[PDB]
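Novice: Dropping a structure here in structure tokens format, bear with me for questions.
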Amino acid sequence: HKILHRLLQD
Amino acid sequence: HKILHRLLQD
Amino acid sequence: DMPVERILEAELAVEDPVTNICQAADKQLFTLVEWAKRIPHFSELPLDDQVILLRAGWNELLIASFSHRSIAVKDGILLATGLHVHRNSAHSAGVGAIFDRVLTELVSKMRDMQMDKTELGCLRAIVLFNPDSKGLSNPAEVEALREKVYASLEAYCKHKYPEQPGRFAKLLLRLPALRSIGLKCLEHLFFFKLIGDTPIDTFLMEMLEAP
Amino acid sequence: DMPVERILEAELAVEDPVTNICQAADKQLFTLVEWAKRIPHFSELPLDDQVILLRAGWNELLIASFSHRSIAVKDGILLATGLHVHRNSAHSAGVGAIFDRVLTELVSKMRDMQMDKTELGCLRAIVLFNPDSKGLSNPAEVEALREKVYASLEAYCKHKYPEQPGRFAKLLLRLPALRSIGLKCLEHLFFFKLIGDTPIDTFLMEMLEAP
Ligand SMILES: CCOc1cc2c(cc1-c1cc(/C=C/C(=O)O)ccc1O)C(C)(C)CCC2(C)C
Ligand SMILES: CCOc1cc2c(cc1-c1cc(/C=C/C(=O)O)ccc1O)C(C)(C)CCC2(C)C
């Protein structure tokens, strides 16, 4: 789940 | 809904 | 007025696997009508609305009951016929996942908080008195009865469990899981009916008929 | 600790029809991640569990939000894109019945009890902190956060609405309807995806992918 991980990290 | 009506009446 | 002692009295008054499960459910539908009659003010509602409430709520009401009945069972449930269904049997019938949901979201949570029969009774009365049910002639009267059950439940919880202030909320927060589990069990039931290889007796069949 | 002022701040920080509805939902998914970051202690959870909670709860979280946003709308909803969907339009797209459920079980009930933004915020945080979500590494920590939100909500309600002792219960008793409505909206969404004639953008599409 690439988008969710990306937005939560940064 | 015959059974339900019957059981609720009596 | 909505005394928890009357609600408790109502609970205490009524005390493959798929075929067995369907048999059990049909059998409990008869017993459910008797329970509803013993809940204060239910019988005073118009007959049409008593019908609507029981058609809308029966599945959740019966799931709540067998879940609480199964607290002493290890990795399984006790049906009203006296038969047990365990994880292995449910999995082997192709219904493993929904069965696991029941155990984890209902049976174990009830076990862990030690939900008592008064609390179960009131949760069921709250489910029974559902003002969202379609076609009710007086939703406000039903909503008023629900309000009286939860005011009574809250006072009972705070008296009996004074050092668990979150207990009342915890009970009500089992209701979304019960809603979700009820919908999925009903979905399976319609499929069993579609295939036509599972006996479905008359009261259960009646509950499946279209509004 | 779980201050309602921080929860409220989180809400205030983020402030055919089917195609428009899908556009709106995708757009709000980005905004939802920002909201979750502003809820106390959420960001302190493991990243994996933050992922699980948002994947499990996003639909109910977004439905809660647009429902509350639409309280001033007559027989319709206001989407995040600024577009309105009314009953007639929803019916004409073949989704009349689920649309009516939203209006009757969510929008109108929120309107009638005048649910405020703090209460909506806390309901959403309760939904966010769902300990039943599959694969959580520490369900107990999530459950502990939920417990802190509802203890905080209850105290807020009793302070701000001292003559409505049933208010707290009434808020939580919207959660089964929200669960039910969320499941049905998701069912429609999967069908829109199956047919393949409705644009579904990347974040919404990601939410639809299989675990
Ligand atoms: C009447 C069938 O409804 C079901 C179905 C299931 C299941 C349970 C019920 C069900 C049983 C009852 C039996 C109650 C009782 O014995 O007291 C009542 C309502 C119900 O929805 C479990 C959770 C056991 C396993 C999955 C399936 C889908 C097979
Ligand atoms: C992304 C599609 O999810 C839906 C579907 C619907 C509907 C709403 C949503 C939906 C919309 C949003 C939009 C939120 C916003 O604009 O803030 C978020 C999650 C959702 O499930 C309504 C209730 C408007 C009408 C019925 C259908 C099934 C078409």
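To be explicit about the labels: the chains of the structure tokens are called A, B, and onward in the order shown, and within each one the residues are counted from 1, while ligands get numbers from 1 in the order they are shown.
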Residues within 9 Å of ligand 1, counting only C-alpha atoms and all ligand atoms: report them as a PyMOL selection string.
Specialist: chain C and resi 17-29+58-67+69+76-83+85-86+90+93-103+181-190+192+200+204
Novice: Excluding residue 8 of chain B and residues on its chain fewer than 4 positions from it, collect all residues at most 9 Å away from it, counting only C-alpha atoms, and give them as a list in words.
Specialist: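 In the requested form, the answer reads residues 3 and 4 of chain B; 33, 34, 37, 43, 47, 50 and 51 of chain C.
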Novice: Atom CA of residue 10 of chain C and atom CA of residue 166 of chain C are how many Å apart?
Specialist: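 Computed distance, atom CA of residue 10 of chain C to atom CA of residue 166 of chain C, equals 25.7 Å.
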Novice: Of the candidates D:55, D:87, D:124, D:111, which one gets nearest to residue 11 of chain D if we count only C-alpha atoms?
Specialist: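 Under the stated criterion, the closest residue is D:124.
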Novice: Taking the DSSP secondary structure from the backbone, can you list the residues of chain B that are alpha helix (DSSP H), as a ChimeraX atom specification?
Specialist: /B:2-9
Novice: Would you save the residues from that selection as a tab-separated table (two decimals), in the first residue's frame, using C-alpha atoms?
Specialist:
chain	number	residue	atom	x	y	z
B	2	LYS	CA	-48.14	-15.63	9.23
B	3	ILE	CA	-46.11	-17.40	11.96
B	4	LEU	CA	-44.82	-14.21	13.61
B	5	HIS	CA	-48.27	-12.57	13.69
B	6	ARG	CA	-49.77	-15.80	15.14
B	7	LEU	CA	-47.19	-16.15	17.93
B	8	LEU	CA	-47.38	-12.46	18.90
B	9	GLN	CA	-51.20	-12.43	19.04
Novice: Using only C-alpha atoms, find the residues of chain D whose closest atom to chain C is at most 7 Å away, then write them as a ChimeraX atom specification.
Specialist: /D:105,132,147,151,166,175-176,179-180
Novice: Export N, CA and C atoms of the chosen residues as a PDB file, in the first residue's frame?
Specialist:
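What follows is the written file out39.pdb:
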ATOM      1  N   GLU D 105     -30.523   7.967   8.618  1.00  0.00           N
ATOM      2  CA  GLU D 105     -29.849   7.344   9.763  1.00  0.00           C
ATOM      3  C   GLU D 105     -28.641   8.146  10.251  1.00  0.00           C
ATOM      4  N   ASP D 132     -10.591  -4.224  16.882  1.00  0.00           N
ATOM      5  CA  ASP D 132     -11.015  -5.432  16.165  1.00  0.00           C
ATOM      6  C   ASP D 132     -10.322  -5.585  14.793  1.00  0.00           C
ATOM      7  N   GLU D 147     -10.615   3.685  24.612  1.00  0.00           N
ATOM      8  CA  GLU D 147     -11.131   3.902  25.956  1.00  0.00           C
ATOM      9  C   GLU D 147     -10.925   5.339  26.439  1.00  0.00           C
ATOM     10  N   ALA D 151     -13.958   8.057  27.333  1.00  0.00           N
ATOM     11  CA  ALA D 151     -13.954   8.685  28.670  1.00  0.00           C
ATOM     12  C   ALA D 151     -13.958  10.207  28.522  1.00  0.00           C
ATOM     13  N   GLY D 166     -28.607  10.997  28.475  1.00  0.00           N
ATOM     14  CA  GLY D 166     -28.532   9.969  27.443  1.00  0.00           C
ATOM     15  C   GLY D 166     -27.768  10.360  26.191  1.00  0.00           C
ATOM     16  N   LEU D 175     -23.094   4.443  15.814  1.00  0.00           N
ATOM     17  CA  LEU D 175     -22.007   3.642  15.230  1.00  0.00           C
ATOM     18  C   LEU D 175     -22.403   2.340  14.494  1.00  0.00           C
ATOM     19  N   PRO D 176     -23.436   1.615  14.971  1.00  0.00           N
ATOM     20  CA  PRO D 176     -23.947   0.480  14.179  1.00  0.00           C
ATOM     21  C   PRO D 176     -24.522   0.872  12.806  1.00  0.00           C
ATOM     22  N   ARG D 179     -21.508   1.647  10.641  1.00  0.00           N
ATOM     23  CA  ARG D 179     -20.919   0.369  10.234  1.00  0.00           C
ATOM     24  C   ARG D 179     -21.677  -0.239   9.048  1.00  0.00           C
ATOM     25  N   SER D 180     -22.995  -0.297   9.191  1.00  0.00           N
ATOM     26  CA  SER D 180     -23.887  -0.882   8.201  1.00  0.00           C
ATOM     27  C   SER D 180     -23.850  -0.101   6.885  1.00  0.00           C
TER      28      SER D 180
END
